[PDB]
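Okay, so here's the structure we're looking at.
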Amino acid sequence: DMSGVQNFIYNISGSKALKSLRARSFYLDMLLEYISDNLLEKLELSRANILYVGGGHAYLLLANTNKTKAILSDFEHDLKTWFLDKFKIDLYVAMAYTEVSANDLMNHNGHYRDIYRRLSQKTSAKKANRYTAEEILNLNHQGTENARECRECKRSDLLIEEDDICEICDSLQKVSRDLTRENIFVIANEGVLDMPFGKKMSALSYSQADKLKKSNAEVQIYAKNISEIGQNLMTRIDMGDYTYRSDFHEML
RNA sequence: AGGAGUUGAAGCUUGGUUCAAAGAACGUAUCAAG
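Using the deposited numbering, read the first sequence as starting at 253 and increasing by one per residue.
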C-alpha cells in the first residue's frame, strides 16, 4: 500500500508539467512492480503468487514459514530505509502479513471478506505508526539549510549543479520525453530512475543500447508488446500512452 | 315702403400590410506545448 501517491503525482509546478505528470504516474506503478517482483525473487518464487497489482496496491499470497518472516522483516527494513532516503515522508509502503488456516480460505465457514478487513486493519495500524524512533531522529538530524531548492520537489538536497531541479525531478522529465508505445523498459545497476535496492531503470529504446540483452545477467525487461519468446524474456507492464501528435498546435 | 329666418345639417376621423434581416460572437502575447 503506497500512501500519498496523489500528492506525489501532482507535486509539480514547473514548466514541463505535461511530461512530469505522466512520468510520475508511470513511475509509481513501475516502483510497485519492481518492489513486488524483487520480493518474489528473494522469496525464490515465481510471479504466479501475485493476485493483483494496481494503482498503489499489490496483494500477494506466500507461504507461512519463519524463514519467510525473517526475509519479510529484512525486506521491511531495506524498503523503509530506501524510501526514507529518497522521498523523506512523501512515499510509504505498508506491508502487513495476515495468517489464515488452509480451512479458512475454503469459504465453507465463510470468512473471506473479513480476511480483507483484517488485512486493512493491519495496514491502517502500520500506517498509524509509520517510523520508529531512530528513523525520526535521523530524519531530523539530516536537516540542513541552503539557498536553493527545486521547483517541483521543494527539496534542499540532492540537487544538481548549474541547474536547480532535483535529480529524480529531472530524471522523470527526461525519461518522460523519450517514452513511446513500442519502447522497452530495462533495469540494471546503471540506469536513470532510482529504484530499490540499488538498481536503477534506464527506459532506453530500440537503439544502440539494445546490446545489453546479450549476456543480460542480473537484468530484467519490462515490456509493452511481446513477440520473441526465446532468449528475449520480456514481461508485460500495463501502461497506456496513446499520443496523437504530441504538439498541441499541430493537433489543433 | 319692404319686413323675418335658415348662415350650414347629417356621416366617416384613418383602413389594411410587413413590426429589428444578414455578418462577426472575442483575436492575440506572456502562462503552456514543443
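Every residue, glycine too, gets a C-beta built ideally from N, C-alpha and C.
Bounds of any beta strand (DSSP E) do not take in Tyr286; it lies within the alpha helix (DSSP H) bounded by 269-294.
Straight through space, the alpha carbons of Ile473 and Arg488 are spaced by roughly 9 Å. Taking 7 Å as the cut-off, the Cβ atoms of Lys451 and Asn435 do not count as close. By the criterion of a C-beta distance shorter than 7 Å, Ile264 is surrounded in its chain by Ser272, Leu273, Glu404, once the five residues flanking it on both sides are discounted. One alpha carbon belongs to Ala354, the other to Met347, and they sit about 22 Å apart.
In this structure, the straight-line span from the alpha carbon of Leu292 to that of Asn318 is close to 16 Å.
The secondary-structure analysis by DSSP pairs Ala310 across a beta bridge with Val305. Counting of Cβ neighbours within 10 angstroms places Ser325 among the exposed residues, the total staying below 16. Assigned with DSSP and collapsed to three states, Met254 falls in strand. Rounded to whole angstroms, the separation of the alpha carbons of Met503 and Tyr496 is 8 Å. Assigned with DSSP and collapsed to three states, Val352 falls in coil, not helix or strand. Under the three-pair Cβ rule at 8 Å, the region 406-413 does not count as touching the region 356-364. With respect to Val427, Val438 sits apart: the two C-beta atoms are not nearer than 7 Å. Look at the region 420-444 and you find these whole runs of beta strand (DSSP E), each 3 residues long or longer: 437-440.
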